[PDB]
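What the coordinates show
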Amino acid sequence: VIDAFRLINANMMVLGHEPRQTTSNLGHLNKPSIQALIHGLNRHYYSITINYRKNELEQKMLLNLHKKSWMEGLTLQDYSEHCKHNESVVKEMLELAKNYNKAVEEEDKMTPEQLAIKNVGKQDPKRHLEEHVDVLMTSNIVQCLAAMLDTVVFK
Amino acid sequence: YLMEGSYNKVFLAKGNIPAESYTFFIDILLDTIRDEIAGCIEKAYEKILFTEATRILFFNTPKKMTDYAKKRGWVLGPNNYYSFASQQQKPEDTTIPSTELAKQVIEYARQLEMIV
């Protein structure tokens, strides 16, 4: 949020130039400031419009956010830190699984209005088996490639 | 007998005489049979006596068996000694996998990222 404003000669407005404070700006409409913009836009100031100038040198500068020549791919988490991770998740899989069977028996015997408003204990449904598998997998696959890649790279 | 290596197939190449035209032509096969037999024996044993090798490849003489113990490259001590070529150098290197398995992993990623 960033606007711009310029006062307008309120005196000249009273004198008949009230429909004569219209400089030719484009437009795009505002509201929540209609508080003081109803005599702001239409008595005290008006709305200028904002732009930017996205240089290519500044853009190639900010674009930087990671120095990776020591980050991933030249590293990999600890292989005893990484089994303790799998352990936990793939057990949570079990807990959620059971509730998943209990949800597939319910949904069958109910109309979508009652499965719609079902927002008590979101732990039951698909949403958490997906939430998991995509972290688990991710991890691991790549978990996966990192080991292999280094075997040839630092061969 | 040919497809599943069983021998006694050189013996039955003169016993299939009920039709003589069989015994005229089948003689050709007997030069492949010796080759497969020695192909397995190159791995199956490591010390046998010489006269036994003469009894296995279906030769009668010692001379022939010298020539064929020279083509495969064996030595002629008191018993005909073998060279280990079954698993001379093991596949104890997953450095050879290395690149290939990394290709595979990448592939899985492609299937989990593609827009389907």
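Before going into details, it helps to say that this report is about the structure given with it. (Residues numbered from 1 in each chain as written, not as in the entry; some residues may be left out. Chains lettered and ligands numbered in written order. Part of a larger assembly, values for the part shown. Heavy atoms only, no water.)

**Here we look at the sheet that holds strand β2 (residues 75-76) of chain B**
All names here are of chain B. The criterion, for reference: Any two strands with at least two DSSP bridges between them are considered paired. Secondary structure elements follow DSSP: runs of H or I of four or more residues count as helices, runs of E of two or more count as strands, with numbering from the N terminus.
The three strands are arranged β1-β3-β2 in an open sheet whose pairing can be described as antiparallel. This sheet does not close on itself; its edge strands, each paired only once, are β1 (47-49) and β2. Looking at chain direction, β2 and strand β3 (residues 79-81) are connected through two bridges and run antiparallel. By the bridge assignment, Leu76 is partnered in β3 with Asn80.

**Focus on the nonpolar core**
All names here are of chain B. What counts is decided by this rule: Each nonpolar core is a collection of buried residues, namely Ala, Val, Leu, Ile, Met, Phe, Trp, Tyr and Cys, held together in the definition by side-chain atoms within 4.5 Å. Each residue gets one of three labels from its accessible area relative to the maximum for its type: buried under 20%, exposed over 50%, partly exposed in between, using a 1.4 Å probe on protein chains only. We call two residues in contact when some of their heavy atoms are within 4.5 Å.
In terms of nonpolar packing, the biggest core is built from 13 residues, with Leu30, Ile33, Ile37, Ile41, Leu57, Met65 and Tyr82 touching the most fellow members. Here this core gets four residues from one element, more than from any other, and that element is helix α2 (residues 30-44). Apart from the residues lying within four places of it in its own chain, the contact partners of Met65 are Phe50, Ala53, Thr54, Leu57, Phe59 and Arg72.

**Digging into the interface of chain A and chain B**
Rules: A quick way to say it: buried area is the sum, across both parts, of accessible area lost when two parts are put together, with a 1.4 Å probe. By definition here, a salt bridge exists when the distance from a side-chain nitrogen of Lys or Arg to a carboxyl oxygen of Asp or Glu is within 4 Å. Counted as a polar contact is a pair of N or O atoms within 3.5 Å, where, for protein atoms, one must be capable of donating a hydrogen and the other of accepting one, and residues adjacent in sequence contribute only when both atoms are in side chains. Amino acid classes used here: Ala, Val, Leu, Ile, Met, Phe, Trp, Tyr, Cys and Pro are nonpolar; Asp, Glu, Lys and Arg are charged; the rest, including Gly, are polar.
Each side of the interface is counted separately: chain A has eight residues, and chain B has eight residues. Where chain A abuts chain B, roughly 700 Å² becomes buried across the two surfaces, and 89% of that area is made up of carbon and sulfur atoms. When the buried area of chain A at its contact with chain B is split by residue, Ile141, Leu145 and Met148 of chain A rank highest and sum to 58% of it. At the boundary of chain A and chain B, one finds zero salt bridges. Along the contact surface separating chain A from chain B lie zero residue pairs in polar contact. Here the side of chain A that touches chain B is built from residues that sort into six nonpolar, one polar and one charged.

**Focus on the side chain of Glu42 of chain B**
All names here are of chain B. Where we set the bar: Positive: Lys, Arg. Negative: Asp, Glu. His and the chain ends are not part of the count.
Note that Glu42 resides in helix α2. Buried charged residue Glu42 carries no salt bridge. Nearest counter-charge: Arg72, at 5.6 Å. Setting aside residues up to four positions removed in sequence, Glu42 forms contacts with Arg72, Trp74, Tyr82 and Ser83.

**Some points on the packing of helix α7 (residues 126-153) of chain A against helix α5 (residues 99-113) of chain B**
Between two packed helices, the angle of one axis relative to the other and the distance separating the axes together describe the packing. For clarity, the cut-off: Only the contacting stretch of a helix is used when fitting its axis, a line to C-alpha atoms as for every element, and angles between N-to-C directions run 0 to 180 degrees. These descriptions rest on fixed angle ranges, namely under 35 degrees for roughly parallel, over 145 for roughly antiparallel, 65 to 115 for roughly perpendicular, and the rest for oblique. For any pair of crossing helices, the crossing counts as left-handed if the nearer helix is rotated counterclockwise from the farther one by less than a right angle, and right-handed if it is rotated clockwise.
Between α7 of chain A and α5 of chain B, the least distance of the axes is 9 Å, while the angle of their chain directions is 155 degrees. When the axes of α7 of chain A and α5 of chain B are compared, the pair comes out roughly antiparallel. Here α7 of chain A and α5 of chain B pass one another in a crossing that is left-handed. Between α7 of chain A and α5 of chain B, the contacting residues are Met137, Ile141, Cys144, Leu145, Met148 and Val152 of chain A on the first element and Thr99, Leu101, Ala102, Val105, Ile106 and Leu112 of chain B on the second. Here the residues of the contact of α7 of chain A with α5 of chain B sort into eleven nonpolar, one polar and no charged.

**Focus: α7 of chain A**
One full turn of an α-helix is made of 3.6 residues, so residues set three or four places apart face in the same direction. Rules: Here, expected helix span is obtained from the residue count minus one, scaled by 1.5 Å.
Taking 1.5 Å as the rise per residue, α7 of chain A with 28 residues should run 40 Å; its terminal C-alpha atoms sit 40 Å apart, in good agreement. Within α7 of chain A, the full set of buried residues consists of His128, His132, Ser139, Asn140, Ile141, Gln143, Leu145, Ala146 and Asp150 of chain A. Buried residues along α7 of chain A sit in contact with α5 (83-108) of chain A together with α5 of chain B.

**As for α2 of chain B**
Residue and element names in this part refer to chain B. Between the first and last C-alpha of α2 there are 21 Å, a value that for 15 residues agrees with the 21 Å anticipated at 1.5 Å per step. Taken residue by residue, α2 has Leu30, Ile33, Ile37, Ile41 and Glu42 as its buried positions. Next to the buried residues of α2 lie α3 (50-56).

**Remarks on the layout of surface pockets**
Residue and element names in this part refer to chain A. Stated precisely, the cut-off is as follows: Note on definitions: the grid is 1 Å and covers protein atoms alone; a cavity is a set of points where a 1.4 Å probe fits but cannot get out; a pocket is an open set with protein on both sides within 12 Å along at least five of seven lines; lining residues have an atom within 4 Å of a point. Grid points are joined across faces, edges and corners, and a volume is the space filled by probe spheres set on the points.
There is about 520 Å³ of room inside the largest pocket. For the largest pocket, the lining is made up of 21 residues, of which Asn25, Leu41, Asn42, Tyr46 and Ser47 are closest to its centre. Every element with two or more residues in the lining of the largest pocket is listed here: α2 (34-37), α3 (40-44) and β2 (45-47). Residue composition of the lining of the largest pocket, by class: nine nonpolar, ten polar and two charged. Its volume calculated, the second largest pocket comes out at about 400 Å³. Looking at the second largest pocket, it is lined by 15 residues, and the ones nearest its centre are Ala103, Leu115, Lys118, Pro125 and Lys126. Going through the elements one at a time, α5, α6 (112-116) and α7 are the ones with two or more residues in the lining of the second largest pocket. No other element matches α5, which puts five residues into the lining of the second largest pocket. Classifying every residue of the lining of the second largest pocket gives six nonpolar, two polar and seven charged.

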